[PDB]
Amino acid sequence: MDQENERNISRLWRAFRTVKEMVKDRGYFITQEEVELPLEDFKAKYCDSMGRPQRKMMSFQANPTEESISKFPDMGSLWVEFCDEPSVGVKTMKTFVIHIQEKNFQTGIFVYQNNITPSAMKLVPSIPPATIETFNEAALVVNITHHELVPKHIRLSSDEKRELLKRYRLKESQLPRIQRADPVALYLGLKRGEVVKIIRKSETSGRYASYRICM
Amino acid sequence: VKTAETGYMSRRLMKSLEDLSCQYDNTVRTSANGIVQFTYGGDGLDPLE
Amino acid sequence: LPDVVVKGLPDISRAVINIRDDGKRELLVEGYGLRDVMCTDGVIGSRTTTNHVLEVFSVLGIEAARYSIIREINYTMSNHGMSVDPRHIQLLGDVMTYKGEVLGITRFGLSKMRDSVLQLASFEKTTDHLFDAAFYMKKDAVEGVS
Amino acid sequence: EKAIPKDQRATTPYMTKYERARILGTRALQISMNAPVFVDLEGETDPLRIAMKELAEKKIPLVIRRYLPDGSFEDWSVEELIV
Amino acid sequence: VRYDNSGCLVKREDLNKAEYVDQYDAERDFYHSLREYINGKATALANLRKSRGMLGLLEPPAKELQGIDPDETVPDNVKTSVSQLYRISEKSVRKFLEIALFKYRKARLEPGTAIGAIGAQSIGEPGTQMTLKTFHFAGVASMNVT
């Protein structure tokens, strides 16, 4: 079969682009050159002569930018590792967790192909210095932040959150809430208590801003 | 049928939105002082005007 | 054996290719999978809108879900020639989605953050709510207009 | 519980419809309880109409206390609230 | 004045930077649309002036001869025809701005308003005139949409 191979090649290329954009707006040095990658170029790099897409050397490390680090000082490198099994196992999870911990990354992105084990719910939280965000390769085929229905969510620094809660004289419990595992809270890597500013657009009130806090 | 079902959605939405009122800092809040809209309609404008 | 899915999505009722009173052709599908249709090739995943608020919320998030609530209520009120100011609809969408999840206007959705034993009683399901509040010893403040 | 000084007041300098209705009701209740009035009645005997006249002359001696959702308040005398 | 999310001012190069949007943007767009409407009126007058042979003074004049009236040579006929067709006095512009600003101020939602209950009745009143069963216009032959 070649149709299934071509389809998987295109889908993985689109997912790689989605992760590139998601790293770019989560704030890291990723440029339009390595974001815009044609399907032929992606095949020329991340494939073998049989055409089966490899998910080993596609993994890349990105680092925060000067503007991003100026906003958030305690942000470090990002390491995103792809998996290559229908359901992944306990051993590879330990390998990647130890890899992240020893390379001293503030967080790591785990992208699996089809599904993950139930025992993985217990192992992924146990990492004090870092955090591991797990996706589904399908769940980042097309990024949700480019949809016409999704308005611009913007992560606010601690200082910006303090000013907001002071300008409105609020406490965090009074802000509107955005859930954890909200498809945009995951894309932006929001943590509990983080405040995001939503630039939403109406028809009879132009462009205005709302806010939500992650619970 | 309409006379039987008159004031059904009205009552249901009344239970939903009954306690929301505009505040003196231009915010719409619940009776629990939680912010629903930081400003009404993103405009602050009354549809009656 | 004949009634198995060899191609297509195992949730779509059917598919129709349509004309929006113009010259470009789109397909309005009758299924329950939006992630799959956005991910299918030849479809713009960026511009793909279902009628299903709970499907938008799971796929796109709470802000796109409230956009969907607003747009669908406006569509339902504009096909009938009703004139409702959009700020009322925006307020309805906000009250439905400000807790972070799309909460209904039902006896279950209203049990969001209220703790209002008396408001819940005066709406519906009186004795269950009353005995629950007595059992957990709920200390609700009196703030609701009810 | 803190009073915002008259120098820096963020709320509207306009009497709202609710504030007008409440001011009229309170002042009419006071008048019906034989409170002295500060306008020329000219045959009027009804407390609500007397209070409407006092509001038209901006002579009602009451203060609006506008509580902010944080707990602070600011005081607007009925004379200064513009209608 | 536009501030950042931290509270400081903005660089005059990123006022519309799409993230420094805040409140007061509806009022900013109202002021802009007022200016644009008056600009359209002034452009109508200027194009009449150009057509009647005189200068279209849509832009302030920067030259030595600004102080004298720029219509002195105009032969008292095209002048009075222009004053016949378009004649916008300062009193008119000031009264228009006063009315528009006063109405914009009046439009603001008054604190204390039971805006949630008003929205509830505003979304549930027009609903009390639409059929519970699905009725459709004859000949539409669409999908049986609720």
Side-chain angles (χ1 to χ4, degrees), chain A residues 26 131 133 135 139 144-145 147 149-156 160-161 164-165 168 170-202 208-215, chain B residues 13 15-17 19-20 27-40 42, chain C residues 34-35 50 52-73 89-116 120, chain D residues 69, chain E residues 116 119:
Chain A
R26 202 180 289 202
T131 196
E133 276 89 20
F135 290 121
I144 36 80
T145 64
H147 200 285
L149 256 57
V150 165
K152 190 183 180 74
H153 302 61
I154 299 162
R155 190 159 75 94
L156 293 192
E160 289 172 357
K161 170 181 174 185
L164 161 74
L165 292 168
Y168 282 98
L170 301 171
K171 306 178 291 82
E172 315 171 64
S173 41
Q174 293 172 1
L175 287 169
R177 294 139 179 240
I178 180 169
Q179 265 183 335
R180 301 207 62 164
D182 176 284
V184 200
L186 298 180
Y187 186 101
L188 288 184
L190 309 182
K191 320 293 264 315
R192 208 246 179 254
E194 295 199 77
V195 165
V196 60
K197 163 166 187 176
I198 294 114
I199 310 301
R200 47 167 93 141
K201 166 107 196 307
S202 169
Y208 62 104
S210 182
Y211 303 90
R212 287 186 191 266
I213 186 170
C214 193
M215 297 318 217
Chain B
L13 300 173
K15 246 57 179 161
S16 183
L17 310 124
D19 288 316
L20 310 189
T27 53
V28 177
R29 302 208 189 189
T30 62
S31 55
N33 240 44
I35 285 201
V36 186
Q37 303 190 339
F38 290 80
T39 183
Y40 181 69
Chain C
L34 181 83
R35 180 116 29 86
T50 180
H52 201 232
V53 163
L54 284 316
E55 191 166 8
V56 181
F57 170 52
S58 61
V59 171
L60 303 172
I62 192 56
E63 279 299 302
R66 89 173 270 284
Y67 268 91
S68 287
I69 295 177
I70 296 171
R71 277 156 38 91
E72 297 305 317
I73 292 159
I89 314 302
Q90 294 182 210
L91 181 56
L92 173 58
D94 271 314
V95 83
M96 283 180 64
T97 71
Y98 80 105
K99 271 293 121 176
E101 12 164 351
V102 177
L103 297 169
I105 315 303
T106 57
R107 79 290 330 272
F108 274 77
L110 268 355
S111 305
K112 38 183 76 171
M113 35 54 66
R114 314 245 60 87
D115 299 65
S116 62
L120 263 313

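We use all heavy atoms of the structure for the numbers below, so side chains are in, but hydrogens, waters and symmetry mates are not. So that the names make sense, note that chain A is the first sequence line, chain B the second, and so on, each numbered from 1.
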[Y] and [X], any side-chain heavy atoms less than 4.5 Å apart:
| X | Y | value |
| --- | --- | --- |
| C:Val59 | C:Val56 | no |
| C:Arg114 | B:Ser31 | yes |
| A:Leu175 | A:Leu165 | yes |
| A:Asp182 | A:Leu190 | no |
| C:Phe108 | C:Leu103 | no |
| C:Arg71 | A:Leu149 | yes |
| A:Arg177 | A:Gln179 | no |
| C:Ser111 | C:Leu120 | yes |

Check [X] against [Y] and note the closest heavy-atom contact, atom names and distance.
| X | Y | result |
| --- | --- | --- |
| A:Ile178 | A:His153 | CD1-CD2, 4.5 Å |
| D:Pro69 | B:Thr27 | CG-OG1, 4.5 Å |
| C:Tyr98 | C:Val95 | CD2-O, 3.2 Å |
| A:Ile199 | A:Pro151 | O-CB, 3.4 Å |
| A:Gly189 | A:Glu194 | O-OE2, 3.6 Å |
| C:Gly93 | C:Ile69 | CA-CG2, 4.1 Å |

Taking atom [atom1] of [X] and atom [atom2] of [Y], what is their separation to the nearest 0.5 Å?
| X | Y | atom1 | atom2 | answer |
| --- | --- | --- | --- | --- |
| C:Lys112 | B:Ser16 | NZ | OG | 4.5 Å |
| C:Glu72 | C:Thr50 | CD | OG1 | 8.0 Å |
| A:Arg26 | A:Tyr187 | CZ | OH | 9.0 Å |
| C:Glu55 | C:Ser68 | CD | OG | 10.0 Å |
| A:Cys214 | A:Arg180 | SG | CZ | 5.5 Å |

Handout entry: Atom NZ of B:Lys15: over 12 foreign heavy atoms under 6.0 Å
Key =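 Atom NZ in B:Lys15 is packed in, count exceeds 12.
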
Problem - Stepwise side-chain contact (heavy atoms from CB on, under 4.5 Å) check, A:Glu172 with A:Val195 - result: CA-CA 9 Å; A:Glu172 315 171 64; A:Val195 165; over 6 Å; no

Exercise for the section: Apply side-chain contact (heavy atoms from CB on, under 4.5 Å) to A:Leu170 and A:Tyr211, showing your working. Expected result: CA-CA 12 Å; A:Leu170 301 171; A:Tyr211 303 90; over 6 Å; no

Problem - A:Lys161 side-chain N/O to A:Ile213 backbone N/O, donor-acceptor pair under 3.5 Å - result: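 No: the side chain of A:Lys161 does not pair with the backbone of A:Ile213.
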
Practice task
For the pair C:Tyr67 (side chain) and A:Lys201 (backbone), establish whether a donor and an acceptor sit closer than 3.5 Å, ignoring hydrogens and angles.
Solution key: yes

Handout entry: Salt-bridge present (A:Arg212, C:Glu63; N to O < 4.0 Å)
Key = yes

Practice task
Could you go through the side-chain contact (heavy atoms from CB on, under 4.5 Å) check for C:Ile70 and C:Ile89 one step at a time?
Solution key: CA-CA 6 Å; C:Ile70 296 171; C:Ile89 314 302; 4.1 Å; yes

Problem - Steps toward side-chain contact (heavy atoms from CB on, under 4.5 Å) verdict (A:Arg200, C:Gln90) - result: CA-CA 12 Å; A:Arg200 47 167 93 141; C:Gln90 294 182 210; over 6 Å; no

Practice task
Scan B:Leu20, B:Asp19, B:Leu17 and name whichever one has a side chain to side chain contact (heavy atoms under 4.5 Å, CB included) with B:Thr30.
Solution key: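 Of all the options given, the one that passes is B:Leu20.
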
